[PDB]
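Enquirer: Structure incoming, see below.
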There are 2 protein chains.
Amino acid sequence: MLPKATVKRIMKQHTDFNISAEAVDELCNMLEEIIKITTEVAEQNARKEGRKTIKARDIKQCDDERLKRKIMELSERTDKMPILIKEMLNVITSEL
Amino acid sequence: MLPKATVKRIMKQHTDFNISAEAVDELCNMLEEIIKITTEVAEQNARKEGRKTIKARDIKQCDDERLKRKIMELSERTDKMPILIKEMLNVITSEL
């Protein structure tokens with residue numbers, strides 16, 4: 001589990017606002033979901049190369065044209081999308 | 001700066017593979033970026049409602065209808081996407 005005091009400390013490096021305990025909890029939940037799915041994808045990537053060790057190369061950025069299709073296809077898998085993932089995407093789309 | 005040891009410990013709850021230091025560092029970079037943009041978007045939602053406190057409601061999901069539209073429009077914005085956001089989106093579109 002991630003330490004809530006550390007997450008809130010980092011949050012307050014990006015805002016002067018007060019931050020509720022429930023808000024910190026929700027970010028921690030999203031962060032844990034991110035750790036989970038990145039690690040699972042990284043393992044799948046190490047497997048494709050026959051490795052049993054996750055390396056930096058297993059966290060990938062697809063070239064812009066493939067990632068553009070992959071996002072467009074994702075736009076139509078929202079109805080069964082985990083809440084934590086919808087929240088992440090809401091943040092990413094609200095920020096850009 | 002999240003503690004890299006505890007992030008790797010969370011990773012190992014989801015994979016049996018070894019994990020290199022550089023992989024842990026990469027994920028930590030992603031997590032720090034997520035903390036930043038989630039807090040920045042949260043503050044904006046707090047402001048829109050006249051508050052100076054980030055609450056759980058500011059880490060939000062709209063509808064599956066508005067989210068679907070923003071994910072479509074996100075697909076046309078790869079060029080302004082920082083690498084860390086691209087890696088997050090690659091993970092999300094590779095996983096589930």
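Going by the structure tokens order, chains are called A, B, ..., each with residues numbered from 1, while ligands are numbered from 1 in the order shown.
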From a backbone DSSP assignment, name each residue in chain B labelled strand (DSSP E or B), as a PyMOL selection string.
Expert: chain B and resi 18-19+53-54
Enquirer: For residue 31 of chain A, find every residue with an atom within 10 Å (counting only C-alpha atoms), except residues of its own chain fewer than 5 positions away, and show them as a VMD selection string.
Expert: (chain A and resid 1 to 2 7 25 to 26 36 84 88) or (chain B and resid 7 30 to 32 34 to 35)
Enquirer: Mind writing the picked residues with N, CA and C atoms as a short mmCIF file (atom, residue, chain, number, x, y, z; two decimals), in the first residue's frame?
Expert:
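Ended up saving to result_13.cif:
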```
data_model
loop_
_atom_site.label_atom_id
_atom_site.label_comp_id
_atom_site.auth_asym_id
_atom_site.auth_seq_id
_atom_site.Cartn_x
_atom_site.Cartn_y
_atom_site.Cartn_z
N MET A 1 0.83 -1.20 0.00
CA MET A 1 0.00 0.00 0.00
C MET A 1 0.87 1.26 0.00
N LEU A 2 0.38 2.33 -0.64
CA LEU A 2 1.11 3.59 -0.70
C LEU A 2 0.84 4.43 0.55
N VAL A 7 1.79 10.69 -0.37
CA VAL A 7 1.02 11.14 -1.53
C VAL A 7 0.51 12.56 -1.31
N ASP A 25 -7.23 9.55 -0.53
CA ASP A 25 -7.56 8.14 -0.69
C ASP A 25 -7.85 7.80 -2.14
N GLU A 26 -8.60 8.66 -2.84
CA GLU A 26 -8.96 8.36 -4.22
C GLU A 26 -7.72 8.38 -5.11
N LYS A 36 -0.63 -1.63 -10.77
CA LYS A 36 -1.09 -2.96 -11.18
C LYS A 36 -1.04 -3.14 -12.69
N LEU A 84 -11.74 3.58 -11.64
CA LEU A 84 -10.42 4.17 -11.46
C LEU A 84 -9.77 4.53 -12.79
N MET A 88 -8.74 8.29 -14.25
CA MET A 88 -7.45 8.60 -14.87
C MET A 88 -7.66 9.29 -16.22
N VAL B 7 7.18 1.22 -4.01
CA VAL B 7 6.54 1.03 -5.31
C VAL B 7 6.89 -0.33 -5.90
N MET B 30 6.10 7.92 -13.86
CA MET B 30 4.70 7.94 -14.26
C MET B 30 3.81 8.29 -13.10
N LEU B 31 4.07 7.70 -11.93
CA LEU B 31 3.23 7.97 -10.77
C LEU B 31 3.32 9.43 -10.35
N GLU B 32 4.54 9.99 -10.32
CA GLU B 32 4.70 11.39 -9.97
C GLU B 32 3.97 12.30 -10.95
N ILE B 34 1.25 11.43 -12.66
CA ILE B 34 -0.17 11.26 -12.36
C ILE B 34 -0.57 12.08 -11.13
N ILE B 35 0.28 12.08 -10.10
CA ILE B 35 -0.03 12.91 -8.93
C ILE B 35 -0.16 14.36 -9.34
#
```
Enquirer: Given identical sequences, can you show me chain B least-squares superposed on chain A via all its Cα atoms in order, as a short mmCIF file (atom, residue, chain, number, x, y, z; two decimals) with N, CA, C and O atoms, in the first residue's frame?
Expert:
```
data_model
loop_
_atom_site.label_atom_id
_atom_site.label_comp_id
_atom_site.auth_asym_id
_atom_site.auth_seq_id
_atom_site.Cartn_x
_atom_site.Cartn_y
_atom_site.Cartn_z
N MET B 1 -0.98 -0.54 -0.91
CA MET B 1 -1.01 0.51 0.10
C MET B 1 0.21 1.41 0.04
O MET B 1 1.26 1.10 0.58
N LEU B 2 0.06 2.55 -0.65
CA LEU B 2 1.06 3.61 -0.57
C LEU B 2 0.86 4.40 0.71
O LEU B 2 -0.26 4.48 1.24
N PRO B 3 1.92 5.00 1.24
CA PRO B 3 1.75 5.84 2.43
C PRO B 3 0.96 7.10 2.09
O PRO B 3 1.43 7.94 1.31
N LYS B 4 -0.24 7.24 2.64
CA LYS B 4 -1.10 8.35 2.22
C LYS B 4 -0.50 9.69 2.58
O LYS B 4 -0.74 10.68 1.88
N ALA B 5 0.32 9.75 3.63
CA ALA B 5 0.95 11.01 4.02
C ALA B 5 1.92 11.51 2.96
O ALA B 5 2.01 12.72 2.71
N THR B 6 2.68 10.61 2.33
CA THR B 6 3.66 11.08 1.37
C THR B 6 3.01 11.40 0.02
O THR B 6 3.49 12.30 -0.69
N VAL B 7 1.92 10.72 -0.33
CA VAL B 7 1.18 11.11 -1.53
C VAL B 7 0.58 12.50 -1.37
O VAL B 7 0.66 13.33 -2.28
N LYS B 8 -0.02 12.79 -0.21
CA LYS B 8 -0.57 14.12 0.01
C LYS B 8 0.53 15.17 -0.01
O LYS B 8 0.34 16.27 -0.54
N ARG B 9 1.71 14.84 0.52
CA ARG B 9 2.83 15.77 0.47
C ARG B 9 3.22 16.10 -0.97
O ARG B 9 3.50 17.26 -1.28
N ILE B 10 3.24 15.10 -1.86
CA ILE B 10 3.49 15.37 -3.27
C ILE B 10 2.38 16.23 -3.87
O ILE B 10 2.64 17.12 -4.69
N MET B 11 1.12 15.95 -3.50
CA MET B 11 0.02 16.77 -4.00
C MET B 11 0.23 18.24 -3.68
O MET B 11 -0.02 19.11 -4.52
N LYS B 12 0.70 18.54 -2.46
CA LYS B 12 0.84 19.93 -2.03
C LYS B 12 1.98 20.66 -2.72
O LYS B 12 2.10 21.87 -2.54
N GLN B 13 2.80 19.96 -3.49
CA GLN B 13 3.78 20.62 -4.35
C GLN B 13 3.15 21.18 -5.62
O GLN B 13 3.85 21.85 -6.39
N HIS B 14 1.86 20.93 -5.85
CA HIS B 14 1.18 21.35 -7.05
C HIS B 14 -0.12 22.09 -6.79
O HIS B 14 -0.81 22.44 -7.74
N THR B 15 -0.50 22.28 -5.53
CA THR B 15 -1.67 23.09 -5.23
C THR B 15 -1.45 23.80 -3.91
O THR B 15 -0.79 23.28 -3.02
N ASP B 16 -1.99 25.02 -3.80
CA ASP B 16 -2.05 25.73 -2.54
C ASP B 16 -3.29 25.39 -1.71
O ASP B 16 -3.39 25.82 -0.56
N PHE B 17 -4.23 24.64 -2.27
CA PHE B 17 -5.47 24.34 -1.56
C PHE B 17 -5.24 23.32 -0.44
O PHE B 17 -4.31 22.51 -0.49
N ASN B 18 -6.11 23.37 0.57
CA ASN B 18 -6.26 22.24 1.47
C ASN B 18 -6.68 21.01 0.68
O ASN B 18 -7.16 21.11 -0.46
N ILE B 19 -6.47 19.83 1.28
CA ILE B 19 -6.79 18.55 0.64
C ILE B 19 -7.38 17.62 1.70
O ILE B 19 -6.73 17.34 2.72
N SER B 20 -8.59 17.13 1.46
CA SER B 20 -9.26 16.25 2.42
C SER B 20 -8.65 14.85 2.40
O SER B 20 -8.04 14.43 1.41
N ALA B 21 -8.86 14.12 3.50
CA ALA B 21 -8.41 12.73 3.57
C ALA B 21 -9.03 11.89 2.46
O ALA B 21 -8.35 11.05 1.86
N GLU B 22 -10.31 12.11 2.16
CA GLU B 22 -10.98 11.27 1.17
C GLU B 22 -10.43 11.51 -0.23
O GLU B 22 -10.36 10.57 -1.03
N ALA B 23 -10.03 12.75 -0.53
CA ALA B 23 -9.38 13.03 -1.81
C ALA B 23 -8.05 12.30 -1.91
O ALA B 23 -7.74 11.70 -2.95
N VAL B 24 -7.24 12.34 -0.84
CA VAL B 24 -5.96 11.63 -0.84
C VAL B 24 -6.19 10.15 -1.06
O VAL B 24 -5.51 9.52 -1.88
N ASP B 25 -7.19 9.57 -0.38
CA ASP B 25 -7.51 8.15 -0.53
C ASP B 25 -7.84 7.81 -1.98
O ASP B 25 -7.38 6.80 -2.51
N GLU B 26 -8.67 8.64 -2.62
CA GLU B 26 -9.06 8.40 -4.00
C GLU B 26 -7.85 8.37 -4.92
O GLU B 26 -7.67 7.42 -5.69
N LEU B 27 -7.01 9.39 -4.84
CA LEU B 27 -5.79 9.39 -5.64
C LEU B 27 -4.94 8.16 -5.35
O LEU B 27 -4.38 7.56 -6.28
N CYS B 28 -4.81 7.77 -4.08
CA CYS B 28 -4.02 6.58 -3.77
C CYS B 28 -4.60 5.34 -4.42
O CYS B 28 -3.85 4.48 -4.92
N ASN B 29 -5.93 5.21 -4.42
CA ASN B 29 -6.56 4.12 -5.16
C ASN B 29 -6.16 4.14 -6.64
O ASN B 29 -5.84 3.10 -7.22
N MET B 30 -6.19 5.32 -7.26
CA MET B 30 -5.78 5.46 -8.65
C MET B 30 -4.35 5.04 -8.83
O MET B 30 -4.02 4.32 -9.78
N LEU B 31 -3.47 5.47 -7.93
CA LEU B 31 -2.05 5.13 -8.06
C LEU B 31 -1.84 3.62 -7.94
O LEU B 31 -1.06 3.04 -8.71
N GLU B 32 -2.50 2.98 -6.98
CA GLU B 32 -2.38 1.53 -6.83
C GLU B 32 -2.86 0.80 -8.07
O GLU B 32 -2.25 -0.18 -8.51
N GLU B 33 -3.95 1.29 -8.69
CA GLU B 33 -4.42 0.70 -9.93
C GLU B 33 -3.39 0.89 -11.05
O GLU B 33 -3.16 -0.04 -11.84
N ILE B 34 -2.80 2.07 -11.15
CA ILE B 34 -1.76 2.31 -12.17
C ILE B 34 -0.57 1.39 -11.96
O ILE B 34 -0.01 0.85 -12.92
N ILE B 35 -0.15 1.20 -10.70
CA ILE B 35 0.95 0.27 -10.45
C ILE B 35 0.58 -1.12 -10.96
O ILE B 35 1.39 -1.79 -11.62
N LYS B 36 -0.65 -1.56 -10.68
CA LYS B 36 -1.08 -2.89 -11.09
C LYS B 36 -1.07 -3.04 -12.60
O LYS B 36 -0.51 -4.01 -13.12
N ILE B 37 -1.68 -2.11 -13.32
CA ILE B 37 -1.84 -2.37 -14.74
C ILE B 37 -0.53 -2.13 -15.49
O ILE B 37 -0.23 -2.84 -16.46
N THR B 38 0.29 -1.18 -15.02
CA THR B 38 1.60 -0.95 -15.63
C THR B 38 2.48 -2.19 -15.47
O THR B 38 3.16 -2.60 -16.42
N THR B 39 2.46 -2.81 -14.29
CA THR B 39 3.26 -4.01 -14.07
C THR B 39 2.74 -5.17 -14.90
O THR B 39 3.53 -5.94 -15.46
N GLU B 40 1.41 -5.32 -14.98
CA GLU B 40 0.84 -6.43 -15.73
C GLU B 40 1.15 -6.32 -17.22
O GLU B 40 1.49 -7.32 -17.86
N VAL B 41 1.04 -5.10 -17.77
CA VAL B 41 1.39 -4.88 -19.17
C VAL B 41 2.89 -5.07 -19.38
O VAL B 41 3.32 -5.70 -20.36
N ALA B 42 3.70 -4.54 -18.46
CA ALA B 42 5.15 -4.73 -18.52
C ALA B 42 5.53 -6.21 -18.57
O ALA B 42 6.40 -6.60 -19.35
N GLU B 43 4.91 -7.04 -17.72
CA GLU B 43 5.24 -8.46 -17.74
C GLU B 43 4.92 -9.09 -19.09
O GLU B 43 5.68 -9.94 -19.58
N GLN B 44 3.81 -8.67 -19.71
CA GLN B 44 3.43 -9.21 -21.01
C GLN B 44 4.44 -8.84 -22.09
O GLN B 44 4.79 -9.68 -22.93
N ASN B 45 4.91 -7.59 -22.08
CA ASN B 45 5.96 -7.16 -23.01
C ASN B 45 7.27 -7.91 -22.74
O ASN B 45 8.01 -8.24 -23.67
N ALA B 46 7.58 -8.17 -21.48
CA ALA B 46 8.75 -8.97 -21.17
C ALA B 46 8.60 -10.38 -21.74
O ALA B 46 9.53 -10.91 -22.38
N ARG B 47 7.42 -10.98 -21.57
CA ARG B 47 7.16 -12.32 -22.09
C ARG B 47 7.26 -12.36 -23.61
O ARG B 47 7.83 -13.30 -24.17
N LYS B 48 6.69 -11.36 -24.29
CA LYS B 48 6.73 -11.36 -25.75
C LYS B 48 8.15 -11.44 -26.28
O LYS B 48 8.37 -11.93 -27.39
N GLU B 49 9.13 -10.96 -25.51
CA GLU B 49 10.54 -10.98 -25.90
C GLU B 49 11.32 -12.08 -25.19
O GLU B 49 12.56 -12.12 -25.29
N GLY B 50 10.63 -12.97 -24.49
CA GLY B 50 11.27 -14.14 -23.91
C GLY B 50 12.01 -13.89 -22.63
O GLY B 50 12.92 -14.65 -22.30
N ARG B 51 11.66 -12.84 -21.89
CA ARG B 51 12.39 -12.50 -20.68
C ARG B 51 11.56 -12.79 -19.44
O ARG B 51 10.33 -12.82 -19.48
N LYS B 52 12.26 -12.97 -18.32
CA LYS B 52 11.63 -13.11 -17.01
C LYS B 52 12.01 -11.95 -16.09
O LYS B 52 11.94 -12.09 -14.87
N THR B 53 12.42 -10.83 -16.68
CA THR B 53 12.76 -9.61 -15.97
C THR B 53 12.06 -8.45 -16.65
O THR B 53 12.13 -8.32 -17.88
N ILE B 54 11.37 -7.62 -15.87
CA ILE B 54 10.78 -6.39 -16.38
C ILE B 54 11.89 -5.35 -16.47
O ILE B 54 12.58 -5.07 -15.49
N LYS B 55 12.08 -4.80 -17.66
CA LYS B 55 13.06 -3.75 -17.89
C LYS B 55 12.35 -2.49 -18.36
O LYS B 55 11.16 -2.50 -18.68
N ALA B 56 13.10 -1.38 -18.40
CA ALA B 56 12.51 -0.09 -18.75
C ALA B 56 11.85 -0.12 -20.12
O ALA B 56 10.84 0.56 -20.35
N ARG B 57 12.40 -0.91 -21.05
CA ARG B 57 11.82 -1.06 -22.38
C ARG B 57 10.40 -1.62 -22.36
O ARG B 57 9.66 -1.45 -23.33
N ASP B 58 10.01 -2.32 -21.29
CA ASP B 58 8.67 -2.88 -21.20
C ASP B 58 7.63 -1.85 -20.76
O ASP B 58 6.43 -2.11 -20.85
N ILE B 59 8.07 -0.69 -20.29
CA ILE B 59 7.19 0.45 -20.08
C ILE B 59 7.44 1.35 -21.29
O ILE B 59 8.43 2.08 -21.36
N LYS B 60 6.58 1.23 -22.28
CA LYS B 60 6.92 1.58 -23.64
C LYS B 60 5.91 2.54 -24.24
O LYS B 60 4.75 2.63 -23.81
N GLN B 61 6.37 3.26 -25.25
CA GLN B 61 5.51 3.96 -26.18
C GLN B 61 5.78 3.39 -27.56
O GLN B 61 6.93 3.12 -27.91
N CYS B 62 4.71 3.16 -28.32
CA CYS B 62 4.87 2.73 -29.70
C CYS B 62 5.09 3.97 -30.55
O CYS B 62 5.90 4.83 -30.21
N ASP B 63 4.39 4.07 -31.67
CA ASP B 63 4.40 5.30 -32.45
C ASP B 63 3.22 6.16 -32.04
O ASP B 63 2.28 5.71 -31.38
N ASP B 64 3.28 7.43 -32.43
CA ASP B 64 2.09 8.27 -32.37
C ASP B 64 1.00 7.75 -33.30
O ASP B 64 -0.16 8.14 -33.16
N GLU B 65 1.36 6.88 -34.25
CA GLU B 65 0.37 6.31 -35.17
C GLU B 65 -0.38 5.15 -34.52
O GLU B 65 -1.61 5.09 -34.59
N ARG B 66 0.34 4.21 -33.90
CA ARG B 66 -0.34 3.10 -33.25
C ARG B 66 -1.06 3.55 -31.99
O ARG B 66 -2.15 3.05 -31.68
N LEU B 67 -0.46 4.49 -31.25
CA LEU B 67 -1.11 5.02 -30.06
C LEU B 67 -2.43 5.71 -30.41
O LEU B 67 -3.45 5.48 -29.75
N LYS B 68 -2.42 6.54 -31.45
CA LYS B 68 -3.63 7.21 -31.91
C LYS B 68 -4.74 6.20 -32.22
O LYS B 68 -5.91 6.43 -31.89
N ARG B 69 -4.39 5.08 -32.85
CA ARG B 69 -5.40 4.08 -33.18
C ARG B 69 -5.96 3.42 -31.92
O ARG B 69 -7.17 3.18 -31.82
N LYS B 70 -5.10 3.12 -30.94
CA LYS B 70 -5.56 2.45 -29.73
C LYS B 70 -6.39 3.39 -28.85
O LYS B 70 -7.27 2.92 -28.13
N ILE B 71 -6.11 4.69 -28.90
CA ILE B 71 -6.90 5.66 -28.15
C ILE B 71 -8.28 5.80 -28.76
O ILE B 71 -9.29 5.94 -28.05
N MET B 72 -8.36 5.77 -30.10
CA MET B 72 -9.65 5.72 -30.77
C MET B 72 -10.44 4.49 -30.33
O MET B 72 -11.59 4.59 -29.90
N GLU B 73 -9.82 3.31 -30.44
CA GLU B 73 -10.51 2.07 -30.07
C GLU B 73 -10.82 2.03 -28.58
O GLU B 73 -11.81 1.41 -28.17
N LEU B 74 -10.01 2.70 -27.76
CA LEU B 74 -10.32 2.82 -26.34
C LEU B 74 -11.64 3.57 -26.13
O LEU B 74 -12.41 3.23 -25.23
N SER B 75 -11.90 4.58 -26.96
CA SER B 75 -13.11 5.39 -26.79
C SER B 75 -14.37 4.54 -26.88
O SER B 75 -15.39 4.89 -26.28
N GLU B 76 -14.33 3.43 -27.61
CA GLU B 76 -15.48 2.55 -27.73
C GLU B 76 -15.54 1.49 -26.64
O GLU B 76 -16.34 0.55 -26.74
N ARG B 77 -14.72 1.61 -25.59
CA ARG B 77 -14.62 0.58 -24.56
C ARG B 77 -14.90 1.14 -23.17
O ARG B 77 -14.38 0.62 -22.18
N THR B 78 -15.73 2.18 -23.07
CA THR B 78 -16.05 2.76 -21.77
C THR B 78 -16.79 1.76 -20.87
O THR B 78 -16.67 1.84 -19.64
N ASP B 79 -17.54 0.83 -21.45
CA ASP B 79 -18.41 -0.03 -20.66
C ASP B 79 -17.62 -1.05 -19.85
O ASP B 79 -18.08 -1.47 -18.77
N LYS B 80 -16.46 -1.47 -20.34
CA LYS B 80 -15.60 -2.39 -19.61
C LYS B 80 -14.56 -1.65 -18.77
O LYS B 80 -13.70 -2.30 -18.16
N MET B 81 -14.62 -0.32 -18.74
CA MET B 81 -13.64 0.47 -18.00
C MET B 81 -14.00 0.51 -16.52
O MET B 81 -15.09 0.96 -16.17
N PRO B 82 -13.11 0.08 -15.63
CA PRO B 82 -13.33 0.31 -14.20
C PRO B 82 -13.28 1.78 -13.85
O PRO B 82 -12.63 2.59 -14.52
N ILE B 83 -13.96 2.12 -12.75
CA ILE B 83 -14.11 3.53 -12.36
C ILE B 83 -12.76 4.21 -12.26
O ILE B 83 -12.58 5.37 -12.69
N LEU B 84 -11.76 3.51 -11.71
CA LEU B 84 -10.45 4.13 -11.49
C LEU B 84 -9.77 4.48 -12.82
O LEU B 84 -9.08 5.50 -12.91
N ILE B 85 -9.95 3.63 -13.84
CA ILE B 85 -9.43 3.93 -15.16
C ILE B 85 -10.18 5.11 -15.78
O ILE B 85 -9.59 5.95 -16.48
N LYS B 86 -11.49 5.17 -15.58
CA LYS B 86 -12.27 6.31 -16.05
C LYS B 86 -11.80 7.61 -15.41
O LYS B 86 -11.73 8.65 -16.08
N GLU B 87 -11.49 7.58 -14.12
CA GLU B 87 -11.03 8.79 -13.46
C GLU B 87 -9.66 9.20 -13.98
O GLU B 87 -9.39 10.39 -14.17
N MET B 88 -8.77 8.23 -14.20
CA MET B 88 -7.49 8.54 -14.80
C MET B 88 -7.67 9.20 -16.16
O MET B 88 -7.07 10.25 -16.44
N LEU B 89 -8.48 8.60 -17.03
CA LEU B 89 -8.72 9.15 -18.35
C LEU B 89 -9.44 10.49 -18.29
O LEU B 89 -9.19 11.35 -19.13
N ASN B 90 -10.32 10.68 -17.31
CA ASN B 90 -10.95 11.99 -17.17
C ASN B 90 -9.91 13.04 -16.81
O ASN B 90 -9.93 14.15 -17.34
N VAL B 91 -9.00 12.70 -15.90
CA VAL B 91 -7.91 13.60 -15.54
C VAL B 91 -7.05 13.92 -16.77
O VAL B 91 -6.78 15.09 -17.07
N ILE B 92 -6.65 12.89 -17.51
CA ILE B 92 -5.76 13.10 -18.66
C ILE B 92 -6.42 13.96 -19.73
O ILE B 92 -5.76 14.78 -20.38
N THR B 93 -7.72 13.76 -19.97
CA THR B 93 -8.44 14.55 -20.97
C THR B 93 -8.91 15.90 -20.44
O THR B 93 -9.34 16.74 -21.24
N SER B 94 -8.87 16.12 -19.13
CA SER B 94 -9.17 17.45 -18.60
C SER B 94 -7.94 18.32 -18.52
O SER B 94 -8.03 19.54 -18.72
N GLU B 95 -6.77 17.72 -18.26
CA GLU B 95 -5.52 18.44 -18.10
C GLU B 95 -4.92 18.77 -19.46
O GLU B 95 -5.42 19.64 -20.17
N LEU B 96 -3.85 18.06 -19.83
CA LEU B 96 -3.08 18.37 -21.02
C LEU B 96 -2.71 17.11 -21.79
O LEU B 96 -3.52 16.20 -21.94
#
```
